[PDB]
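Participant: Have a look at the structure that comes next, please.
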Amino acid sequence: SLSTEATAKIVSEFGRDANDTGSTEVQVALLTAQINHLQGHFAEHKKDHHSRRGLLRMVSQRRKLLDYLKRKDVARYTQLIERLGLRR
Amino acid sequence: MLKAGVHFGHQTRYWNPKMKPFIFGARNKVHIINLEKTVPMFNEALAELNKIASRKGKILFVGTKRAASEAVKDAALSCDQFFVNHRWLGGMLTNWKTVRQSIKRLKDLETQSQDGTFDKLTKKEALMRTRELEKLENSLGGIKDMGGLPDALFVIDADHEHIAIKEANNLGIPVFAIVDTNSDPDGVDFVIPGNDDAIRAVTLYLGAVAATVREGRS
Amino acid sequence: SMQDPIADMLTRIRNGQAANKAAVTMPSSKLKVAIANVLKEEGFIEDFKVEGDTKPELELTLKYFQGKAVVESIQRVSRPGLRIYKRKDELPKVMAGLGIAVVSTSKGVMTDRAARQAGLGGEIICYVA
RNA sequence: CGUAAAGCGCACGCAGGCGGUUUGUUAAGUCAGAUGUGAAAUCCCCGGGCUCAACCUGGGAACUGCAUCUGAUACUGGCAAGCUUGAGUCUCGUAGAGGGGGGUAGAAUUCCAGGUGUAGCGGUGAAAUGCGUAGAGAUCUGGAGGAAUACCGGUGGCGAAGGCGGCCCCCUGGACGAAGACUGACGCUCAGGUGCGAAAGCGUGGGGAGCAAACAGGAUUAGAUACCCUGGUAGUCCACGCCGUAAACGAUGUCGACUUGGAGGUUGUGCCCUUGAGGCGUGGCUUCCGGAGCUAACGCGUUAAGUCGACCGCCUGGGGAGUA
């Protein structure tokens, strides 16, 4: 699911450092990466509910990473959604 | 202090938590007691029995297992205080008012059978009283002399005689128990780490107690 | 999730006293020793010592007159659910006044019995008996 | 609040409540002293006055408060800067009836067509219904279908819960362990809200072997709108919608800390001798028995009903009624 190579590009273009595995904006980006893909399995296969519970985890969890950022570095949050085209 | 190679530590894979201080652990999943925090311990055990012993004490030895009984008998009437080796009637102490009356049956028979009243009846019928004499001798025999109530109740085990601790520590008679690394010391007054299930060890304990008991008499 | 660490620090003793432990440890914080400062200072718990530079974990040593605990009772009061502050003139007595109560003044955490005679009072934390 | 009344069936989650650790700061909460206002009578305390009393009455205390000034700064909050245990991301593997889709194989069931061949077959406590000389049942050969996956299979595993089982492939969720990396409290819970949610049932449309509500027939019985027997519609099966209730039950809310043992099971991983089915650790999950303690008892017992802390839900006699 978004295999190792697919991952590395996200951190790469969201690189504060090589092994910046854990910065937020990287995560949100990965979250974005998988979710956009995941709507590929759910366009069809709509009845696949069990997977849905997992998809929900990511979205909402990603959201929780949003609000942490906003109240911690608006320059990061504001640069972010405007480049990852968020907010419906 | 290691005068013997059989007291060292034994009894099980299934220990009992309350036996935690005094331990080494070896192969076969058998604990080996830490004799180091044993030797000092029974010394005052040996000592404390003596102070009341020298005060013309009333010491009880209780044993069972048929492989622990003999040494006790060999050691208690050795010169002095009373013992019990066969199945000790649960209640010889906390209900001694009733057991005491039993001895009147015994002291009768014990005398009658050999010079007194044993044959003014039919042999098989007169036989029945004989068994009762042995039957009384078998269990109650070791207390006949006791009278009143104890001053101390030395024992070999804690579990196999679990009925002692809950009783002896109920009228308060000071007990002295060699608890295996299996038993529960809770009620025992002077908990002596050691082995029950041995024989060369137990006659050492008896032999250990046999010493100062022989001084107490005064 | 471990929202009242002091409650926990109170908790540990009551349990350690139950199981005849010898010493108990915890993620020691600035506050935790302050309470510990008192407890030892009045003699309910034997000596404390703290090791650490990144994981400072105090080890409070208990105490026993007999095998029974010496802390017959201990009780977290000021809950994060419910802060309760009492005035100088409002300070209660615990165990006819012989059991002590740990209160927080503006002179630092200190037994009410001594904080009473500092002439002021504040947040009550726990009791002991 | 396991069984007595009472943990929503389960999950995500906004408001709300609560929050790890370090330093500085601020002074909201908190706190000390003071100040003003807190009407009197009434209540209380020592008095006093009617012969006493009730009653009157002097003086004090008190009126648990509110606003302001002045500070105290532990704790709590705001704000600023951190830190790593909480939490989360990546590197690599491992196990799994997790979920959806699309193929597929064997066994049997009934059916239908042939060959053979002949009076029963089926059934029951004993019968009859029914099927059969227009030739069954039996056996052989073959085809057509539908639904379920023996053995493996196990107080095994997986999933939030409902639930999940032949094999294969594609799509896809979660979990666990290693040695490190990295963000640096990003948390815990959550009325309302959203979603899921056995079975039976509803609606539209496909299927229909077996099973089978309803119903039919034969029996049983005193009667037998049943228990039994022969059949049999819906239904169950598939798709898409719907319903949202169940003894949706470990009758045990969620998260977290702590608190003596024993014996198995399952699944990772470190080491010693794999020197030979091993021996010694370290983690996840799980089964029975059990100690302190707890509970009304029964029992729970490191996965507590023990010891606390955060948040929610819920109870307040029986029937009436889970009804109007």
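Residue numbers (the deposited numbering), protein chains in the order written: chain T, 1 to 88; chain G, 8 to 225; chain M, 1 to 129. Ideal Cβ positions, reconstructed from N, Cα and C, are used throughout, including at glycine.
1) Identify whether residue 47 (chain G) lies in helix, strand or coil by the three-state DSSP scheme.
2) Output yes or no for whether 7 Å exceeds the beta carbon distance between residue 92 (chain G) and residue 76 (chain G).
3) For residue 107 (chain G), report the span of its beta strand (DSSP E) as first-last.
4) Take residue 25 (chain M) as the anchor and find which of M:122, M:59, M:93 and M:68 has the nearest alpha-carbon.
5) Taking its Cβ as the centre, do 16 or more other Cβ atoms sit within 10 Å of residue 74 (chain M), making it buried, or is it exposed?
6) May I have the straight-line CA-CA distance separating residue 98 (chain G) from residue 191 (chain G), to the nearest angstrom?
7) If you scan the region 34-96 of chain G from start to end, which runs of the alpha helix (DSSP H) of 4 or more residues do you find wholly inside it?
8) Report the start-end ranges of each beta strand (DSSP E) in the region 2-90 of chain M that is 3 residues or longer and not cut off at the edges.
9) Looking at the structure shown, is residue 100 (chain M) part of a helix, part of a strand, or coil, going by DSSP?
10) Taking the straight line between their C-alpha atoms, what separation do you get for residue 181 (chain G) and residue 36 (chain G)?
11) Determine contact between the region 160-167 of chain G and the region 121-135 of chain G, defined as no fewer than three beta-carbon pairs at a distance below 8 Å.
12) So who's on the other strand from residue 123 (chain M), going by DSSP bridges?
13) Rounded to the nearest angstrom, what separates residue 30 (chain M) and residue 59 (chain T) at their Cα positions?
14) Do you know offhand how far residue 107 (chain G)'s Cα is from residue 157 (chain G)'s?
15) Find out if the Cβ-Cβ distance for the pair residue 185 (chain G), residue 70 (chain G) is shorter than 7 Å.
16) Can you check whether the CB of residue 38 (chain M) is closer than 7 Å to the CB of residue 128 (chain M)?
17) Using a Cβ distance threshold of 8 Å, determine whether the region 215-225 of chain G contacts the region 78-94 of chain G, with at least three qualifying pairs required.
18) The beta strand (DSSP E) with residue 223 (chain G) in it runs from where to where?
19) Classify residue 141 (chain M): buried if its beta carbon has 16 or more other beta carbons within 10 angstroms, exposed otherwise.
20) What residue range is occupied by the uninterrupted beta strand (DSSP E) comprising residue 162 (chain G)?
21) What separation, rounded to the nearest whole angstrom, lies between the Cα atoms of residue 201 (chain G) and residue 117 (chain G)?
22) Residue 195 (chain G) by DSSP, collapsed to three states: which one?
23) Work out the CA separation of residue 91 (chain M) and residue 1 (chain M) for me, nearest whole Å.
24) In chain order, what residues of the same chain lie with their CB nearer than 8 Å to the CB of residue 103 (chain G), ignoring the 5 residues before and after it?
25) Which residues does DSSP list as the beta-bridge partners of residue 32 (chain G)?
Facilitator: This is what the structure gives:
1) helix
2) yes
3) Here residue 107 (chain G) belongs to no beta strand (DSSP E); instead the alpha helix (DSSP H) covers 103-119.
4) M:59
5) buried
6) 20 Å
7) 46-61 and 76-83
8) 23-26, 46-51, 57-61 and 74-76
9) coil
10) 33 Å
11) no
12) M:85 and M:104
13) 39 Å
14) 13 Å
15) no
16) no
17) yes
18) Run containing residue 223 (chain G): none in the beta strand (DSSP E); it sits in the alpha helix (DSSP H), 207-223.
19) Outside the displayed range of chain M (1 to 129) lies residue 141 (chain M), so it cannot be described from this structure.
20) 160-162
21) 37 Å
22) coil
23) 31 Å
24) 156
25) G:38
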